[PDB]
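Enquirer: Quick one: structure below, then a few questions.
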Amino acid sequence: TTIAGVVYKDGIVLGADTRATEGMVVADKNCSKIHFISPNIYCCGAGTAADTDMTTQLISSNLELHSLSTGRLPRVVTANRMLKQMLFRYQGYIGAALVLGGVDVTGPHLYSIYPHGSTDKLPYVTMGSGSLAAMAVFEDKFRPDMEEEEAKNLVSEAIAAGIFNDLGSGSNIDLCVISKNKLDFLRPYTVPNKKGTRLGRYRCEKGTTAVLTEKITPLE
Amino acid sequence: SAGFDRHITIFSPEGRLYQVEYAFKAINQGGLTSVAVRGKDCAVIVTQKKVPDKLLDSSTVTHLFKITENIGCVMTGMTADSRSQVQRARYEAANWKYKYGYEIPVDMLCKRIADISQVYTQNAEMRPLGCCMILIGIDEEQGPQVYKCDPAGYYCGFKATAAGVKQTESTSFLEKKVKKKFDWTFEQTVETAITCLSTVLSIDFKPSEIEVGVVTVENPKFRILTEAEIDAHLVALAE
Amino acid sequence: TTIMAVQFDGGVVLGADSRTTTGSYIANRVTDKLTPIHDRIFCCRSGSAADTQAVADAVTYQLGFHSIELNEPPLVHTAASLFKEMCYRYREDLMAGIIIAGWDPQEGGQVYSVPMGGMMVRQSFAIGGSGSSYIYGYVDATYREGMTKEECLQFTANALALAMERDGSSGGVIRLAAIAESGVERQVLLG
Amino acid sequence: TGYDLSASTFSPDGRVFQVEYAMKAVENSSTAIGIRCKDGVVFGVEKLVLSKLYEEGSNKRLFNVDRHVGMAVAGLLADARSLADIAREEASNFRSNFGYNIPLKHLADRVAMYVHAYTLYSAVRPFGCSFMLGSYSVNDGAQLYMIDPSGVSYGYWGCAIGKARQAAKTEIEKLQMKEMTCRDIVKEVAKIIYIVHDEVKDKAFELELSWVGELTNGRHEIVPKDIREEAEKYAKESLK
Amino acid sequence: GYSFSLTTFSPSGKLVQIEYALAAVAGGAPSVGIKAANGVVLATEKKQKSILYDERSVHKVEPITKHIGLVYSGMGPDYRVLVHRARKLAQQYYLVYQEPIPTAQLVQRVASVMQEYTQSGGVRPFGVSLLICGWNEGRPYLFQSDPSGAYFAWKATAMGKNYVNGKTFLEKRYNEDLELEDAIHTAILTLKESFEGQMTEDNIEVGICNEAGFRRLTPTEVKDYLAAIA
Amino acid sequence: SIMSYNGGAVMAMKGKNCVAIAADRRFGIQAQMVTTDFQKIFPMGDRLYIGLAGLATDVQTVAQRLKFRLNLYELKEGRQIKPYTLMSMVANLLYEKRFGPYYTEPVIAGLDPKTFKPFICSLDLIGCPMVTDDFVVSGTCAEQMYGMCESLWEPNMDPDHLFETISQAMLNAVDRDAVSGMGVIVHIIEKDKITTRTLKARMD
């Protein structure tokens with residue numbers, strides 16, 4: 001699990017990977033870790049997978065309730081204040097590590113949320129197990145107010161540093177580019193890990209398995 | 001009449017209900033009249049005071065009520081119901097800032113106030129608060145706004161506003177006034193906010209019988225005018 | 001984490017490092033450890049991060065609502081009373097190292113200390129945090145009654161730099177604030 | 001009339017008579033006045049002896065809410081006692097939650113909202129009391145307040161509650177109260193009580209004077225009028 | 001003697017107070033809903049008292065979800081209650097089933113809300129009838145509730161003042177299929193049938209349901225339809 | 001563990017226009033078997049099944065609570081349930097017992113009610129859904145089932161070779177497990193009909 005974010009001169013680029021493990025066995029080769037919140041705000045999840053899913057849908061339900069009652073575009077500080085006040089009430093029992101990003105009227109805003117309820121506003125963050133490898137690329141190669149393709153190249157480099165560290169992914173690096181007007185969302189942005197071909201004959205026969213009892217039931 | 005005696009809040013066969021529309025004439029026992037005007041980037045509240053006694057003070061009479069740093073209001077109707085109405089307004093403005101992390105719009109605050117008044121109509125067993133509230137505030141990418149909240153639970157936003165005893169006379173002036181194309185350059189606003197009231201009541205004060213709240217997109221703080229600068233504008237429209 | 005507060009004749013002077021760590025890894029390299037509450041009252045927080053962020057938002061909600069009722073600027077002692085009520089009640093649940101300082105119209109500059117227990121006391125100067133034990137004997141050999149503002153900005157800058165040099169949980173960059181009757185002068189320093 | 005049983009209903013012209021009815025029950029109570037000088041507030045109550053078996057200081061209408069705040073009630077006495085316990089209890093929570101003495105401008109707001117709540121529901125009735133609030137501070141000076149049964153509360157320089165509400169403040173306003181010391185006020189309160197209705201339709205009365213200001217160092221207590229007896233020595237000189 | 005309470009019957013017929021609440025719906029602003037072949041058109045009537053009132057403050061055509069809109073004829077302040085109720089109730093479906101709620105399913109539930117205020121005995125019923133529209137699974141839908149709690153499905157209908165003229169109009173004026181544009185031209189023509197004054201871009205307010213979602217029209221869009229409207 | 005108290009194995013696999021699902025038959029306490037006819041696959045409407053594995057208490061309990069919520073759903077709506085809608089329904093039921101959780105791990109397989117499109121997914125014990133395109137597995141002998149399915153699965157398979165693939169996957173993986181066995185039942189469903197076969201397995 002490796003998620004990261006950055007603030008360039010116009011908006012926010014988010015990045016993630018595509019592996020869910022159980023124990024030390026790869027359970028999923030393609031898991032979507034960037035979650036929808038609003039048409040300007042997205043969120044990356046880390047930690048307990050079911051705790052991040054149920055939390056990121058509740059707040060996305062309330063902001064849709066709030067903005068439709070207000071009649072205007074939501075604010076990122078509203079989503080920050082709902083999350084940090086929810087997670088503090090559960091005393092860290094809900095294990096959710098979140099990266100919150102979006103573009104408001106005031107501009108782009110990037111946050112990082114810890115499962116006890118401590119939040120930080122930063123120009124760039126990394127969360128997850130492979131966060132230490134991805135912070136190496138940021139702290140070496142960040143400069144303020146980068147351009148579009150310069151920022152997308154940086155995040156795709158920083159996520160790839162965590163993938164070639166352990167507990168990386170069956171790599172499909174994801175990107176979500178949020179700007180003032182344009183919104184992008186790229187699931188197969190880079191596929192570096194290809195499964196090799198199968199070179200064996202595995203001839204199966206229609207009748208190589210013994211059957212004790214058959215049963216047919218038609219339908220309509 | 002058909003005559004249901006209108007003792008509680010239920011319907012009449014005509015289709016209406018009388019207890020809520022008895023609260024609209026509950027404002028009139030204040031013996032008072034208030035005017036709000038929105039012309040340009042500034043918005044002006046103006047309201048007279050009535051000090052009947054010399055033993056009675058002056059500072060503790062004012063109906064201008066500061067809700068937040070950037071939102072003020074004025075209250076009409078009876079006094080005791082008006083101040084409790086303000087306490088819910090001050091309270092729920094602070095829950096917005098706590099829950100949502102930014103300053104409440106002036107439009108959203110009247111929705112919260114009118115919904116509290118709606119429950120007292122829908123559900124019985126509480127008297128429905130015979131007072132009216134007029135707000136002002138600055139909203140970014142929207143300009144300044146003026147809103148009125150009714151005891152029935154009705155609200156709307158509009159440019160020139162009257163309340164109190166003399167609505168129909170003062171609003172008849174402002175239709176005749178706001179039909180041309182003015183630019184309302186903050187002394188155009190204050191002068192008409194006087195002279196809308198300065199066709200109506202035939203009074204002549206020396207400048208200590210009104211109150212004027214103001215807000216402006218150069219200093220969006222709510223601001224109650226000084227007796228000296230009230231006297232300035234009272235001879236500035238006025239040659 | 002090291003926090004600092006010194007009063008003088010006009011007002012008070014605050015100061016802190018940043019370096020929010022987690023175990024032996026720095027999570028946040030630069031951090032606003034000092035927090036506004038009202039226009040003249042700050043606090044600098046220590047202990048658990050998620051606890052002290054939750055307390056300071058509640059006190060700002062209560063004190064900010066309280067002054068609009070009175071139509072008066074709040075007292076610094078009123079703000080320090082609200083932290084005491086939450087920390088003493090919800091002790092055995094929080095780890096908070098709050099120091100409240102700020103200028104007041106009735107009383108001038110004041111500095112209050114609310115440690116992890118829940119007590120409250122006024123001091124001429126107050127420090128706190130994990131790396132507070134190291135400069136703890138420097139500060140009372142160097143303190144002198146009747147300083148100016150510019151001496152106190154020099155006093156806390158040398159005081160924080162010794163712990164930031166030394167304590168592993170401390171360091172980063174120095175954030176300072178001067179609160180007086182006029183305004184709030186915030187600055188970021190390194191040296 | 002025929003619309004005036006509950007306090008939750010309106011009249012066909014737009015008012016509530018149950019609030020109107022309870023105000024003129026205070027009107028039948030004896031007169032209690034209040035006045036503030038430039039460094040304090042002086043209270044004064046005309047209180048009449050029931051028959052003879054009153055024991056000289058029973059059931060007084062000068063209460064003591066806080067260290068520096070007291071009341072000057074008039075109306076239903078038992079209803080004012082329960083209302084005074086609200087004000088005693090309200091100042092203790094402000095002390096416990098904020099650590100300093102209650103401001104009088106805020107104390108009158110908390111009480112008047114509590115009086116307001118009995119004017120809404122059909123299950124309860126409005127209070128039949130009205131009263132005064134005086135205090136003194138070095139950061140705020142002296143203040144004097146006034147609360148009706150409806151809940152309307154704001155400040156005066158002098159006031160009167162009772163039968164002779166108009167007949168007392170007719171001659172309060174002929175005093176230059178902005179520059180008098182409160183020790184001079186005490187002998188001036190004495191004549192205003194003694195002018196109106198000593199024993200005309202009644203038999204006898206007794207004077208009570210409460211006292212807060214700079215001379216008491218912010219404390220609120222009864223006057224020492226057992227000391228020097230100067231009220232009755234000076235009020236009874238107005239016989240001519 | 002039966003017309004003062006709600007929890008008891010009349011010796012012959014039905015509840016009196018619910019019938020009096022329906023009289024309040026008839027004294028409301030007129031409103032028209034027309035179900036076309038590919039969409040649904042809602043239209044209402046929005047006249048302010050004076051020139052002073054801003055028209056861009058309060059709206060009538062109001063979205064519930066991205067494909068579900070809703071109007072009324074009755075009392076405006078009671079309308080805002082069950083809108084906010086229907087908003088929050090639409091999300092509770094979506095938190096469970098992760099799928100936008102079909103338009104048949106809200107009107108099951110919104111009528112059960114308006115049901116509950118017809119109970120005993122110290123509450124009043126609503127004085128609002130509704131018109132609910134949406135395009136779920138290709139076919140559009142146009143429903144109508146009432147303060148009693150019933151709910152139906154119209155080809156086209158009208159409520160408010162002078163509705164019986166608009167009923168007789170649309171009885172003559174409906175066919176099985178027109179396009180969404182011709183439904184708009186005939187929905188303004190029936191609102192013009194009972195009107196007092198010059199119908200401008202601010203006197204009316206129109207929202208539609210495509211299969212591509214719900215949207216309400218801007219005043220420029222509503223001007224250009226009303227420009228050269230028959 | 002508590003998951004290893006009774007054993008079990010549930011496998012689903014996606015074909016061309018069809019989908020197959022299989023499970024074992026053994027019921028038993030930790031080392032002692034009891035019976036060989038324990039149902040672990042439950043029909044939820046037509047062309048849509050579900051499989052449960054884990055603690056045999058929560059296998060029977062969740063399958064009755066889910067049937068409770070399904071019949072109320074299919075009466076307020078005249079339509080049948082979509083496969084995505086069931087997955088959101090189950091994940092709601094598991095997450096309500098967030099801190100008292102049921103010890104089971106469901107597997108859902110079925111076709112689209114309107115089109116022919118197959119669908120497979122599986123969930124955790126607290127309700128994290130996971131859709132795939134090839135296969136999902138659950139039970140105690142999980143790692144044995146991954147080793148067979150990674151080698152034998154082909155993208156577009158007729159119902160003949162889909163049956164032979166999931167048969168060879170289940171027979172070889174379960175015989176390597178100790179607490180699973182005693183017979184294997186296979187449901188292979190499609191647009192026209194539903195075929196249920198039971199295989200000749202080692203009864204040791």
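We name chains A, B, ... following the order of the structure tokens; residues begin at 1 in each chain, and ligands are numbered from 1 as shown.
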I'd like the contact shell of range 54-67 of chain B - 10 Å cut-off, only C-alpha atoms, skipping same-chain residues fewer than 2 positions apart - returned as a JSON list (two decimals) with C-alpha atoms, in the first residue's frame.
Expert:
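Below is the file that was written, around-v8.json:
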```json
[["chain", "number", "residue", "atom", "x", "y", "z"],
["B", 34, "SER", "CA", -37.50, 49.33, 10.22],
["B", 45, "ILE", "CA", -30.09, 48.94, 8.16],
["B", 46, "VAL", "CA", -31.97, 51.92, 9.57],
["B", 47, "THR", "CA", -34.43, 51.87, 12.48],
["B", 48, "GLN", "CA", -35.69, 54.50, 14.89],
["B", 49, "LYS", "CA", -35.58, 54.20, 18.65],
["B", 50, "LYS", "CA", -38.19, 55.43, 21.11],
["B", 51, "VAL", "CA", -36.93, 56.57, 24.51],
["B", 52, "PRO", "CA", -39.98, 57.56, 26.59],
["B", 69, "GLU", "CA", -18.43, 39.63, 12.91],
["B", 70, "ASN", "CA", -19.74, 39.93, 9.35],
["B", 71, "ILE", "CA", -23.49, 39.41, 9.91],
["B", 72, "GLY", "CA", -25.76, 41.82, 11.75],
["B", 73, "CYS", "CA", -29.52, 42.02, 12.09],
["B", 74, "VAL", "CA", -32.44, 44.08, 13.33],
["B", 75, "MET", "CA", -35.50, 42.84, 15.19],
["B", 76, "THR", "CA", -39.10, 44.02, 15.11],
["B", 79, "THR", "CA", -39.20, 42.57, 22.60],
["B", 82, "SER", "CA", -37.11, 38.99, 19.66],
["B", 83, "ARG", "CA", -34.10, 38.44, 21.91],
["B", 86, "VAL", "CA", -31.39, 36.15, 18.36],
["B", 87, "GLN", "CA", -29.95, 33.53, 20.72],
["B", 88, "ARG", "CA", -30.78, 30.74, 18.29],
["B", 89, "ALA", "CA", -29.26, 32.84, 15.53],
["B", 90, "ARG", "CA", -26.02, 33.36, 17.45],
["B", 91, "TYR", "CA", -25.94, 29.70, 18.44],
["B", 93, "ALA", "CA", -24.05, 30.46, 13.39],
["B", 94, "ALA", "CA", -21.35, 29.07, 15.67],
["B", 135, "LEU", "CA", -30.44, 40.34, 8.03],
["B", 208, "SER", "CA", -30.17, 60.90, 18.39],
["B", 210, "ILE", "CA", -32.32, 56.35, 15.11],
["B", 211, "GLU", "CA", -29.84, 53.55, 14.68],
["B", 212, "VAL", "CA", -27.91, 52.68, 11.53],
["B", 213, "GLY", "CA", -26.06, 49.44, 10.96],
["B", 221, "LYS", "CA", -17.31, 43.93, 9.48],
["B", 222, "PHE", "CA", -20.71, 44.81, 10.87],
["B", 223, "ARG", "CA", -20.69, 48.39, 12.07],
["B", 224, "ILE", "CA", -23.03, 50.51, 14.17],
["C", 68, "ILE", "CA", -20.21, 37.59, 21.06],
["C", 69, "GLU", "CA", -22.76, 37.38, 23.88],
["C", 71, "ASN", "CA", -19.85, 42.06, 23.17],
["D", 35, "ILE", "CA", -31.68, 54.25, 42.27],
["D", 105, "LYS", "CA", -25.38, 42.49, 31.85],
["D", 144, "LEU", "CA", -29.26, 48.79, 37.56],
["D", 153, "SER", "CA", -34.93, 43.46, 30.52],
["D", 154, "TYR", "CA", -32.90, 46.64, 30.14],
["D", 155, "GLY", "CA", -31.22, 49.30, 32.20],
["D", 156, "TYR", "CA", -32.32, 52.40, 34.08],
["D", 157, "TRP", "CA", -30.92, 55.02, 36.39],
["D", 158, "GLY", "CA", -33.91, 54.96, 38.72],
["D", 159, "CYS", "CA", -37.02, 52.83, 38.90],
["D", 169, "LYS", "CA", -40.53, 58.18, 39.51],
["D", 172, "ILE", "CA", -36.96, 60.39, 41.25],
["D", 173, "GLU", "CA", -36.24, 62.32, 38.05]]
```
Enquirer: Which parts of range 50-158 of chain F does DSSP call strand (DSSP E) when run on the backbone here, written out as a list in words?
Expert: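 Going through range 50-158 of chain F, the strand (DSSP E) residues come out as residues 50, 51, 107, 108, 109, 110, 111, 118, 119, 120, 121, 122, 130, 131, 135, 136, 137, 138 and 139 of chain F.
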Enquirer: Which neighbours of range 47-54 of chain C fall inside 7 Å, counting only C-alpha atoms, when residues of the same chain fewer than 4 positions from it are skipped, and could you give them as a ChimeraX atom specification?
Expert: /A:116-118 /C:58,94-97
Enquirer: Residues of chain E no more than 9 Å from chain F, counting only C-alpha atoms: send them over as a ChimeraX atom specification.
Expert: /E:95-99,104-105,108
Enquirer: Excluding residue 76 in chain E and any residue of its chain fewer than 5 positions from it, enumerate the residues within 12 Å of it, using only C-alpha atoms, and give them as a list in words.
Expert: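 Answer for this query is residues 114, 115, 118, 152, 153, 154, 155 and 156 of chain B; 24, 25, 28, 29, 46, 58, 59, 60, 71, 81, 82, 83, 126, 127, 128, 129 and 130 of chain E.
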Enquirer: Output the contact residues of chain B with respect to chain E at a cut-off of 10 Å, based on only C-alpha atoms, as a PyMOL selection string.
Expert: chain B and resi 4+6+8-17+107+111+114-115+117-125+147+152-161+171-172+174-175+178-179
Enquirer: Using only C-alpha atoms for the distances, tell me which of C:45, C:166, C:19, C:144 is nearest to residue 4 in chain C.
Expert: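 Nearest candidate to residue 4 in chain C out of C:45, C:166, C:19, C:144: C:45.
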Enquirer: Return as a ChimeraX atom specification the full set of residues in range 41-175 of chain A whose backbone-based DSSP assignment is helix (DSSP H, G or I).
Expert: /A:49-70,76-89,131-141,148-163
Enquirer: Chain C residues within 8 Å of chain B, counting only C-alpha atoms: which ones, as a ChimeraX atom specification?
Expert: /C:57,61,65,68
Enquirer: Should the cut-off be 6 Å, what would the residue list for chain A against chain F look like, counting only C-alpha atoms, as an mmCIF file with N, CA and C atoms, in the first residue's frame?
Expert:
```
data_model
loop_
_atom_site.group_PDB
_atom_site.id
_atom_site.type_symbol
_atom_site.label_atom_id
_atom_site.label_comp_id
_atom_site.auth_asym_id
_atom_site.auth_seq_id
_atom_site.Cartn_x
_atom_site.Cartn_y
_atom_site.Cartn_z
ATOM 1 N N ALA A 50 -11.794 -2.256 4.746
ATOM 2 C CA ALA A 50 -13.219 -2.059 4.963
ATOM 3 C C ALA A 50 -13.520 -0.818 5.785
ATOM 4 N N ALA A 210 -14.387 -37.987 -12.941
ATOM 5 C CA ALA A 210 -15.498 -38.876 -12.640
ATOM 6 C C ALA A 210 -16.625 -38.123 -11.950
ATOM 7 N N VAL A 211 -17.857 -38.440 -12.339
ATOM 8 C CA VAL A 211 -19.051 -37.777 -11.831
ATOM 9 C C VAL A 211 -19.946 -38.826 -11.192
ATOM 10 N N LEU A 212 -20.362 -38.575 -9.951
ATOM 11 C CA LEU A 212 -21.239 -39.520 -9.271
ATOM 12 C C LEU A 212 -22.701 -39.283 -9.622
ATOM 13 N N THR A 213 -23.147 -38.031 -9.589
ATOM 14 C CA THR A 213 -24.559 -37.722 -9.769
ATOM 15 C C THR A 213 -24.708 -36.429 -10.547
ATOM 16 N N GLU A 214 -25.428 -36.482 -11.663
ATOM 17 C CA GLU A 214 -25.721 -35.304 -12.462
ATOM 18 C C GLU A 214 -27.165 -34.879 -12.250
ATOM 19 N N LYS A 215 -27.454 -33.636 -12.626
ATOM 20 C CA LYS A 215 -28.774 -33.050 -12.407
ATOM 21 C C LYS A 215 -28.940 -31.881 -13.360
ATOM 22 N N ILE A 216 -30.060 -31.836 -14.072
ATOM 23 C CA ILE A 216 -30.349 -30.773 -15.024
ATOM 24 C C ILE A 216 -31.645 -30.105 -14.598
ATOM 25 N N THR A 217 -31.659 -28.776 -14.604
ATOM 26 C CA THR A 217 -32.858 -28.011 -14.293
ATOM 27 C C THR A 217 -33.000 -26.905 -15.327
ATOM 28 N N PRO A 218 -34.047 -26.916 -16.145
ATOM 29 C CA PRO A 218 -34.216 -25.863 -17.151
ATOM 30 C C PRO A 218 -34.643 -24.551 -16.515
ATOM 31 N N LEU A 219 -34.638 -23.508 -17.339
ATOM 32 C CA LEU A 219 -35.003 -22.167 -16.912
ATOM 33 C C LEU A 219 -35.899 -21.560 -17.982
#
```
Enquirer: Can you list every residue of chain B that has an atom at most 8 Å from chain A, with its nearest atom pair and the distance in Å to one decimal, using only C-alpha atoms, ordered by chain then number, as a tab-separated table?
Expert:
```
residue	atom	partner	partner_atom	distance
B:99	CA	A:81	CA	6.6
B:100	CA	A:78	CA	4.7
B:101	CA	A:78	CA	5.7
B:102	CA	A:78	CA	7.7
B:108	CA	A:70	CA	6.9
```
Enquirer: Report the distance between CA of residue 155 in chain F and CA of residue 203 in chain A in Å, rounded to one decimal place.
Expert: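 If I compute the distance from CA of residue 155 in chain F to CA of residue 203 in chain A, I get 15.2 Å.
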Enquirer: Just want the 8 Å neighbourhood of range 180-195 of chain A, counted on only C-alpha atoms, with same-chain residues fewer than 3 positions away dropped. Output as a PyMOL selection string.
Expert: chain A and resi 10-11+40+103-104+107+170-177
Enquirer: Between CA of residue 27 in chain B and CA of residue 163 in chain B, what is the distance in Å, rounded to a tenth?
Expert: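 Rounded to one decimal, the two atoms are 8.7 Å apart.
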